[PDB]
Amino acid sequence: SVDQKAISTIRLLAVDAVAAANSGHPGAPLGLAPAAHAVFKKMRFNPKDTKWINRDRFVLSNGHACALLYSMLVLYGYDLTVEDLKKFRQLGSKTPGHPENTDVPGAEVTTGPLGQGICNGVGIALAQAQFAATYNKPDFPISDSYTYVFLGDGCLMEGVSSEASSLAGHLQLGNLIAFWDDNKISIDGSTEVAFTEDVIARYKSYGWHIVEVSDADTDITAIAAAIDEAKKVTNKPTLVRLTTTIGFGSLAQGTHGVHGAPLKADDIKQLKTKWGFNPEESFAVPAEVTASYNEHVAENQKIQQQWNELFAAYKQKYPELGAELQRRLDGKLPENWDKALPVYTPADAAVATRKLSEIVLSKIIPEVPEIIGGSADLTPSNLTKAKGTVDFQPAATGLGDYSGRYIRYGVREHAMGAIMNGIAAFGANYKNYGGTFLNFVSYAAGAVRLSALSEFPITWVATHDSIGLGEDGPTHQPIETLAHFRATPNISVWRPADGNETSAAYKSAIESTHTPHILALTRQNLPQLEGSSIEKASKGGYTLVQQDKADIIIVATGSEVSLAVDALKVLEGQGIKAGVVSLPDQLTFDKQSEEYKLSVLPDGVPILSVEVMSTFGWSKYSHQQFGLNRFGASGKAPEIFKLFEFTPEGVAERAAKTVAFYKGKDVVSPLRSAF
């Protein structure tokens, strides 16, 4: 049949791509081709409009199997061709060895690191439910799409997928349909060596619905029926168990050797002959397969055309909601939304930056409907919920509604990070955030790095940023954390010193379209600074205290800016004139013009950095660095600062030593370099 020919085409495109690269993973593509064929036939999508907001989404969580995804995209006429498949895994190609949403049309997210994609799927489904609850009206199903995820055994072993699956079951996400490639093989061999749990019983314990397809190597009728069954279960996510043979059809089917290495040439020949293809030909695409797939595309395009007319009628019946939805689909925030950001003066009281953040959220959430977010069981500590909003929960629980704006992630930092990526991936201008203690953002490093690589504008509200948290002690006090994330490409790491800087940090985080943000916020109160403003802090680094005859400039962030200002006063009594630079975001600062940056960090003056965590990175901006390169302590925070000499006198002493060290030396800006 044409369906059987399509499945063979998919299988052989994937194998031929791996063969051309002499690199990659043929086994899972061979085993999952029937399911991929069946799922894509049920999906609504437009290869010529990858951003249609009511499309069904597909996520390949087992990203090493991406020759399968690329083959589907090519066959359906996305902006990816057989010529791109021939360049699989080659430098600069549109077919990298794991799918990248920035590079691959039709790749919703970046997968490859195991466990992430299923969590991203949870976030896409969460966003769809929130979006539908916000916009749908009687006779106006603006949003009714599904989220389809393929996953393997490795994904099921990674703890992040357990976190997200527990939460998805709790949230009753009935438009999520996941498919487990139950092939009993991982890299180390049989799953009997390390993975003997009853997966189905575990997923039932989370509140998922189960469908089992015992012959997923051939039974596309049953796979299609499993999708129909899943769609009838509207209050549970569904796991479809696909019992497959890894490498189906290969001489080496059912072995670990087919997981991750190219097939032998004689194996490929026998595959082709037994499926009716020419063993002398590679990258064959039978025209009847193209015709069949084109018919589905044409039907989907008529569905989108009707959706466009539905949207136009929605704008007539619901003018305000329609204009809001249009603005979001255009990627634009509300006009002048930032006028809601709080502004402070030096006459205002000292406030912890965690509380300033709460205040910002309380002002902007009512004005910017595309902001949603949550906490990983630290809501009363991170201060992440705006009073008077409701939680995102299924209404059946009585605890919230899908129109809610605040997500109770539970103690699930890693899944929160990957779910945030999925919410961003949904689109519709979602600007979403997640709160935890800064030190536990590290639990989510796998997902945070993918936020950066995927260019998603997610925001971590990362409170309790330092030894300033006090008594919880060194297991909770960050040292390395900002260095880690600042060293990752494309992460904006804001460490605001006061009210105006905290508003600038949120302006950056909410306006972002391609850069994730981490906001490092304090437990303890900080004064409002003389010289701060949203305008200046928006440059990432700025001159807080200008001193034309400076003997030294102190550059600092966060809680240490006020410390630097106090040190300036001590230094004045020692006959030393200091300037102060505040550097709330190194990435934003780095992106300013060279002339602006040199106006902040000029030649001809020693520069000392002060920040109560690792000194890594700080030599970009300073000649000498005063930081904390050892673990913290359990005690009252002011006593810890005193112990480590982060006091006005301790900073002044090091500033005076810095001035003395450069006496008789020619000093150029840390911004200068040889290349």
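In this text, residue numbers run from 1 along the sequence as written. For the two forms, the rigid core is made up of the largest set of C-alpha atoms that agree within 1.5 Å on superposition.
Taken in 6 other deposited structures of this protein and fitted on the core, 301-309 and 379-387 differ in how far their Cα atoms move from the shown form, and the one that moves more is 379-387. Once the C-alpha B-factors are averaged per stretch, 168-176 and 574-582 rank with 574-582 first. Mean CA B-factor, 298-306 versus 315-323: the higher value falls on 315-323.
Going by the entry's values, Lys591 shows the largest Cα B-factor out of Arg202, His484, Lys591, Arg408. The entry lists C-alpha B-factors for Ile53, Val59, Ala637, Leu32, and the highest of these is at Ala637.
Among the modelled residues of its chain, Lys339 has a C-alpha B-factor that falls in the highest third, as given in the PDB entry. In this PDB entry, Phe277 carries a Cα temperature factor that places it within the highest third of its chain's modelled residues. Compared with the other modelled residues of the chain, the Cα B-factor recorded for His37 ranks in the lowest third. Looking at the C-alpha B-factors along this chain, the one for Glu511 belongs to the middle third. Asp465: CA B factor in the lowest third of modelled residues in this chain (values from the PDB entry).
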